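First the structure, in the form of structure tokens, and then the observations on it.
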Ligand SMILES: Nc1n[nH]c2cc(-c3[nH]c(CNC(=O)/C=C/c4cc(Cl)ccc4-n4cnnn4)nc3Cl)ccc12
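Residue numbers (PDB author numbering): 388 to 624.
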């Protein structure tokens, strides 16, 4: 996260850190708890992941440094990537992780609601991007989960900033005209969380952008509301 601040313990309890363990253990991507056995994340996270066997999902983490050889984690039973996914910038950047067991929810590990039936035309004005990603293009994974408030932009404005890409209704963009706050490398797969009537909703999944926090280059997120039917089909199968 560029231009962000440190979170405190319990602040973003749906946020997970997805680790790979091959060839060494490290943070790969963010994700969001959406059910007791379900994480929603980005499809691009699994480029070069040989199988679910090497993945570990950690919940209830503020600092990457908390994770040691005895820290509990959830195994991944299945990775469900959207069947139309090819590359982040072309869309369908969405994946479900089915966990090997159920999360018992606690103050530190909580679900976030999907955008609700009947809310398709809500204007979200309180949206936040979170993660352990870089603070600039050439950086490192951060120890403490970072947060930044970022305004949504219209798809029409977003398309005008990305004339080399197809910005579709299945994407949502967020950024400041003058830049300075954004997601960056290592934030992908995590949430764009928006609060409406004091309830958090998973509005976006961090996906891609041109640079990080540049002027007139909003971050591009998977528009979760346009995948609710897909999510419900996969999580009810
Ligand atoms: N353990 C690790 N050390 N170093 C790492 C790097 C990565 C990593 N992830 C990605 C995937 N993209 C993203 O996370 C977010 C992109 C991104 C998203 C928005 Cl909304 C706006 C601008 C973005 N931009 C970021 N950079 N150019 N644009 N690329 C890299 Cl490289 C993952 C893990 C580690």
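Note that beta-carbon positions come from the ideal geometry of N, C-alpha and C, so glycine has one too.
Reference residue i; option with closest CA among the options
i	options	result
residue 426	414, 389, 402, 447	402
residue 613	547, 457, 556, 587	556
residue 590	598, 563, 508, 564	508
residue 450	396, 563, 390, 597	396
residue 511	519, 559, 472	559
residue 448	568, 529, 438, 501	529
residue 392	479, 415, 567	567
residue 501	390, 609, 624	609
residue 553	474, 457, 574	474
residue 375	455, 619, 479	The shown model of the chain, from 388 to 624, leaves out residue 375, and the question about it has no answer.
residue 564	546, 540, 574, 583	540
residue 471	430, 457, 607, 506	430
residue 478	624, 390, 607	607
residue 522	574, 623, 538, 584	574
residue 458	404, 423, 424	404
residue 400	583, 578, 537	578
residue 582	455, 538, 390, 527	538
residue 390	506, 623, 520, 435	520
residue 506	624, 617, 584, 414	584
Whole-angstrom C-beta distance between residue j and residue i, which should lie under 8 Å
i	j	result
residue 421	residue 481	No, residue 421 and residue 481 are not in contact; Cβ-Cβ is about 11 Å, not under 8 Å.
residue 461	residue 488	7 Å
residue 446	residue 496	4 Å
residue 465	residue 439	7 Å
Residues that residue i bridges to, as DSSP identifies them
i	result
residue 591	579, 610
residue 465	485
residue 425	422, 485
residue 515	536, 580
residue 412	Note: residue 412 sits in no beta bridge, so no partner.
residue 552	The partner list for residue 552 (beta bridge, DSSP) is empty, contrary to what the question assumes.
residue 402	419
residue 558	609
residue 393	533
residue 569	389
8 Å Cβ cutoff met for residue i and residue j
i	j	result
residue 580	residue 514	yes
residue 605	residue 535	no
residue 592	residue 615	no
residue 441	residue 533	no
residue 344	residue 587	A question about residue 344 goes unanswered here, because the residues of the chain that appear run from 388 up to 624.
residue 493	residue 394	no
residue 518	residue 570	yes
residue 428	residue 576	yes
residue 572	residue 483	no
residue 486	residue 516	no
residue 550	residue 603	no
residue 453	residue 409	no
residue 417	residue 524	no
residue 433	residue 467	no
residue 490	residue 423	yes
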